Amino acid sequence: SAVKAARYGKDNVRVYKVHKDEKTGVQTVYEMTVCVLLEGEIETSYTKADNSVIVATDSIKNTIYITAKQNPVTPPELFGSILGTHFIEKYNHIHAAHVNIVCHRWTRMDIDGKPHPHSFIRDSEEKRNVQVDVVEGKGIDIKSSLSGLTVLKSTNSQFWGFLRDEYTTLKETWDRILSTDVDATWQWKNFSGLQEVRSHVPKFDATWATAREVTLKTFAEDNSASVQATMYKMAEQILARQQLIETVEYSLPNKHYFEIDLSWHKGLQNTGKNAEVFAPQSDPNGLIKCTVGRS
């Protein structure tokens, strides 16, 4: 037997941080869930009971809190890069750090039209994420994502002209509901290290905002031929708007809303042109995935 791969660390580290602007009195809050997994010359902790090579996960946790105290937690791409870099630089025998951050929404409350200085609402379960892979000698690989953005349109979605064989029962449609939970990931050009990441800091929030805006506008405006066609349009637009992105991945469930034939009851018409009441289906669900690159 031989250890082919190993990684270990602390998952589900909840972190809150506040910034107090002293001039205005305005407070701003950040809340995240952090995972750090390490790789390196750790095989003997598995094979020979050698704990000497183990940076305890408890210590990893402490390190997350200390790093958040000493550094900005925004944008998450930066925080993750600082955190990951710390582990590979501090510990001679650690050669990679894998940092996952889930950012939770705390949106400033509006009270009688005024933004409140220190009151916030969890306005959506939509997340902003980063995956930061810091690898000794190969730089910093960042994947940024938004997830849990749930949307629905009541018309201007179609699905016809698909393959029909002896397995096919689905009727072609020129007018359906489309509902989905958007998971979109954009992968940055490899960064050489922390300096290069810092040099692009403004681009992170700007590109997240662009990706979200493009997603919503394209979903709302595309008279959709299919999930496939619509998601491709989103990706192509994001790529066109940020040079430093290599790939965009979308993963979209097709959350079906079924017509209910009520014609058995007093000839009630609730199908086709007359469809008003639908049965949202919990399961099963279509799952449509695309990775778009440049050429």
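Just count from 1 along the sequence shown to find any residue number.
- The stretch 111-119 shows the higher mean C-alpha B-factor when 203-211 is compared against 111-119 in the entry.
- Taking the mean C-alpha B-factor of each stretch as recorded, 14-22 and 283-291 are not equal, and the higher mean is that of 14-22.
- Annotation for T63, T33, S226, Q237: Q237 ranks highest, by Cα B-factor.
- Annotation for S81, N92, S144, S147: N92 ranks highest, by Cα B-factor.
- In this PDB entry, the Cα temperature factor of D58 sits in the bottom third of its chain's modelled residues, the lowest group.
- In the deposited entry, the Cα temperature factor of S251 places it in the lowest third of its chain's modelled residues.
- Placement of the Cα temperature factor of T67 within the chain: lowest third of the modelled residues, per the deposited record.
- Sort the modelled residues of the chain by CA B factor and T218 lands in the lowest third.
- Split the chain's modelled residues into thirds by C-alpha temperature factor. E136 is in the highest one.
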